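Enquirer: Take this structure, written in structure tokens, and hold onto it; I'll ask about it next.
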Amino acid sequence: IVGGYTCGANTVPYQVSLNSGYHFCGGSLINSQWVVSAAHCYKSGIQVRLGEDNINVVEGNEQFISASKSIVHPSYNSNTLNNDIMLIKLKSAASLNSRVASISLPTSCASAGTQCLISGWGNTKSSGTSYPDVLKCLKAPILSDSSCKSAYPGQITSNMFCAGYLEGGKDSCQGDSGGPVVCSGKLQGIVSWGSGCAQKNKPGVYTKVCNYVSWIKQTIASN
Ligand SMILES: NC1=NCc2ccccc21
Ligand SMILES: [Ca+2]
């Protein structure tokens, strides 16, 4: 997250870190045994880390649970990033509490202008690299489809939305992928892609979760 703020420990209780020896992506806990992330975060050997603030220090609220299975969306295209969503099942259910909690799926899609909370452990620099170790947060509005498509001609599908600031300075970045965009208490987006980080006229692009609620619910019900 570039241009954000330190969230505070366990203030984003649905935020998970995906670890394969190291943090490589975020995710969102949607019930005691399932996480939503980005399809481009897929790999084998995932351990889901819940209750994290500093990802390099055991602080006492963590739960570390290996994945039993991952399900990448059937229509994910890794060249276009269309349908950049996957589900990860935990081998055992997380213990839910104030600091480890699920986030609700949306009832309807959120509108341009709606404020959202974006979070992650990704790079905090637009030029060069610095990783923060504690969770970073950014409040950002959803941008209109028109301005998203004008920023990224030929790239924005019906399964994507932009959020952030056309002036730059505030955005998600490398290492935030797969993490949440929460608006009005519902998971509306997944950190997906952008051209650089926090650059003018290149806002972040997010998977449009409301298009996937039926797939998520049906997949969970049978897996
Ligand atoms: N918003 C983003 N710009 C670059 C990037 C990489 C990975 C995830 C999100 C972004
Ligand atoms: Ca920790």
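We label chains A, B, ... in the order they appear in the structure tokens, count residues from 1 in each chain, and number ligands from 1 in the order shown.
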Can you pull out every residue within 7 Å of residue 53 (chain A), counting only C-alpha atoms, but drop anything in the same chain fewer than 6 positions away, and send it as a PyMOL selection string?

Expert: chain A and resi 9-10+134-135

Enquirer: Kindly save the residues from that selection, with N, CA and C atoms included, as a PDB file, in the first residue's frame.

Expert:
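As a result, result22.pdb now contains:
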```pdb
ATOM      1  N   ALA A   9      -3.081  -3.101  15.028  1.00  0.00           N
ATOM      2  CA  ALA A   9      -3.078  -4.555  15.110  1.00  0.00           C
ATOM      3  C   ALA A   9      -4.493  -5.117  15.200  1.00  0.00           C
ATOM      4  N   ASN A  10      -4.794  -6.041  14.290  1.00  0.00           N
ATOM      5  CA  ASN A  10      -6.026  -6.825  14.298  1.00  0.00           C
ATOM      6  C   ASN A  10      -7.282  -5.987  14.104  1.00  0.00           C
ATOM      7  N   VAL A 134       4.063  -4.500   9.285  1.00  0.00           N
ATOM      8  CA  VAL A 134       2.731  -4.357   9.867  1.00  0.00           C
ATOM      9  C   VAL A 134       1.734  -4.032   8.761  1.00  0.00           C
ATOM     10  N   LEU A 135       0.458  -4.304   9.040  1.00  0.00           N
ATOM     11  CA  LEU A 135      -0.577  -4.154   8.021  1.00  0.00           C
ATOM     12  C   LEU A 135      -0.836  -2.675   7.740  1.00  0.00           C
TER      13      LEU A 135
END
```

Enquirer: Which residues form the shell of 6 Å around ligand 1 when you count only C-alpha atoms and all ligand atoms, given as a PyMOL selection string?

Expert: chain A and resi 171-174+176-177+191-197+204-205

Enquirer: Would you list, as an MDAnalysis selection string, the residues of region 138-185 of chain A that end up in helix (DSSP H, G or I) under DSSP run on this structure's backbone?

Expert: chainID A and resid 145:151

Enquirer: Put those residues in a file: N, CA and C atoms, as an mmCIF file, in the first residue's frame.

Expert:
```cif
data_model
loop_
_atom_site.group_PDB
_atom_site.id
_atom_site.type_symbol
_atom_site.label_atom_id
_atom_site.label_comp_id
_atom_site.auth_asym_id
_atom_site.auth_seq_id
_atom_site.Cartn_x
_atom_site.Cartn_y
_atom_site.Cartn_z
ATOM 1 N N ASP A 145 -16.784 3.540 -14.046
ATOM 2 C CA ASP A 145 -16.356 2.661 -15.128
ATOM 3 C C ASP A 145 -15.758 3.465 -16.278
ATOM 4 N N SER A 146 -16.352 4.619 -16.590
ATOM 5 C CA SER A 146 -15.848 5.443 -17.681
ATOM 6 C C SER A 146 -14.412 5.886 -17.422
ATOM 7 N N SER A 147 -14.128 6.387 -16.216
ATOM 8 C CA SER A 147 -12.775 6.859 -15.942
ATOM 9 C C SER A 147 -11.797 5.699 -15.812
ATOM 10 N N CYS A 148 -12.272 4.533 -15.370
ATOM 11 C CA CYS A 148 -11.413 3.356 -15.326
ATOM 12 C C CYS A 148 -11.007 2.928 -16.733
ATOM 13 N N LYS A 149 -11.979 2.870 -17.647
ATOM 14 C CA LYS A 149 -11.699 2.504 -19.032
ATOM 15 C C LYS A 149 -10.890 3.569 -19.758
ATOM 16 N N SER A 150 -11.063 4.840 -19.404
ATOM 17 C CA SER A 150 -10.227 5.869 -20.013
ATOM 18 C C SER A 150 -8.790 5.784 -19.519
ATOM 19 N N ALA A 151 -8.587 5.329 -18.281
ATOM 20 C CA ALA A 151 -7.237 5.176 -17.750
ATOM 21 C C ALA A 151 -6.520 3.985 -18.367
#
```

Enquirer: One decimal, in Å: what's the spacing between CA of residue 141 (chain A) and CA of residue 163 (chain A)?

Expert: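 Taking CA of residue 141 (chain A) as the start and CA of residue 163 (chain A) as the end point, the length is 5.5 Å.
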
Enquirer: Would you mind listing what lies within 9 Å of residue 11 (chain A) as a PyMOL selection string, with only C-alpha atoms counted and same-chain residues fewer than 3 positions away left out?

Expert: chain A and resi 7-8+14+53+98-99

Enquirer: Kindly work out which residues sit at most 9 Å from ligand 2, using only C-alpha atoms and all ligand atoms, and give the list as number ranges by chain.

Expert: A: 49-62, 133-134

Enquirer: Write a file of the just-selected residues containing N, CA and C atoms, as a PDB file, in the first residue's frame.

Expert:
```pdb
ATOM      1  N   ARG A  49      -2.318 -17.495   7.123  1.00  0.00           N
ATOM      2  CA  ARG A  49      -1.961 -16.890   8.399  1.00  0.00           C
ATOM      3  C   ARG A  49      -3.001 -15.837   8.747  1.00  0.00           C
ATOM      4  N   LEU A  50      -3.773 -16.135   9.785  1.00  0.00           N
ATOM      5  CA  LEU A  50      -4.853 -15.304  10.287  1.00  0.00           C
ATOM      6  C   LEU A  50      -4.402 -14.612  11.567  1.00  0.00           C
ATOM      7  N   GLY A  51      -5.065 -13.503  11.899  1.00  0.00           N
ATOM      8  CA  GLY A  51      -4.733 -12.804  13.130  1.00  0.00           C
ATOM      9  C   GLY A  51      -3.411 -12.073  13.112  1.00  0.00           C
ATOM     10  N   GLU A  52      -2.893 -11.776  11.928  1.00  0.00           N
ATOM     11  CA  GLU A  52      -1.588 -11.150  11.785  1.00  0.00           C
ATOM     12  C   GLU A  52      -1.645  -9.637  11.884  1.00  0.00           C
ATOM     13  N   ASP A  53      -0.619  -9.073  12.525  1.00  0.00           N
ATOM     14  CA  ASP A  53      -0.252  -7.679  12.329  1.00  0.00           C
ATOM     15  C   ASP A  53       1.169  -7.656  11.778  1.00  0.00           C
ATOM     16  N   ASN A  54       2.196  -7.719  12.629  1.00  0.00           N
ATOM     17  CA  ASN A  54       3.561  -7.842  12.127  1.00  0.00           C
ATOM     18  C   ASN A  54       3.759  -9.269  11.620  1.00  0.00           C
ATOM     19  N   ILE A  55       3.967  -9.430  10.310  1.00  0.00           N
ATOM     20  CA  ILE A  55       4.097 -10.766   9.730  1.00  0.00           C
ATOM     21  C   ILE A  55       5.450 -11.406   9.988  1.00  0.00           C
ATOM     22  N   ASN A  56       6.398 -10.668  10.566  1.00  0.00           N
ATOM     23  CA  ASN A  56       7.702 -11.210  10.916  1.00  0.00           C
ATOM     24  C   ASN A  56       7.871 -11.564  12.389  1.00  0.00           C
ATOM     25  N   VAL A  57       6.868 -11.302  13.229  1.00  0.00           N
ATOM     26  CA  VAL A  57       6.957 -11.508  14.673  1.00  0.00           C
ATOM     27  C   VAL A  57       5.698 -12.234  15.128  1.00  0.00           C
ATOM     28  N   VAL A  58       5.843 -13.252  15.971  1.00  0.00           N
ATOM     29  CA  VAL A  58       4.681 -13.893  16.582  1.00  0.00           C
ATOM     30  C   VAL A  58       4.245 -13.025  17.761  1.00  0.00           C
ATOM     31  N   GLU A  59       3.072 -12.401  17.634  1.00  0.00           N
ATOM     32  CA  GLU A  59       2.591 -11.424  18.599  1.00  0.00           C
ATOM     33  C   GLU A  59       1.486 -11.952  19.497  1.00  0.00           C
ATOM     34  N   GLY A  60       0.886 -13.091  19.168  1.00  0.00           N
ATOM     35  CA  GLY A  60       0.014 -13.794  20.091  1.00  0.00           C
ATOM     36  C   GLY A  60      -1.420 -13.984  19.650  1.00  0.00           C
ATOM     37  N   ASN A  61      -1.846 -13.432  18.515  1.00  0.00           N
ATOM     38  CA  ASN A  61      -3.209 -13.619  18.032  1.00  0.00           C
ATOM     39  C   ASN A  61      -3.277 -14.395  16.726  1.00  0.00           C
ATOM     40  N   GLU A  62      -2.153 -14.930  16.267  1.00  0.00           N
ATOM     41  CA  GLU A  62      -2.116 -15.625  14.996  1.00  0.00           C
ATOM     42  C   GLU A  62      -2.758 -17.003  15.069  1.00  0.00           C
ATOM     43  N   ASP A 133       5.958  -4.757   6.930  1.00  0.00           N
ATOM     44  CA  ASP A 133       5.787  -5.781   7.970  1.00  0.00           C
ATOM     45  C   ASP A 133       4.491  -5.694   8.803  1.00  0.00           C
ATOM     46  N   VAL A 134       4.063  -4.500   9.285  1.00  0.00           N
ATOM     47  CA  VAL A 134       2.731  -4.357   9.867  1.00  0.00           C
ATOM     48  C   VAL A 134       1.734  -4.032   8.761  1.00  0.00           C
TER      49      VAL A 134
END
```
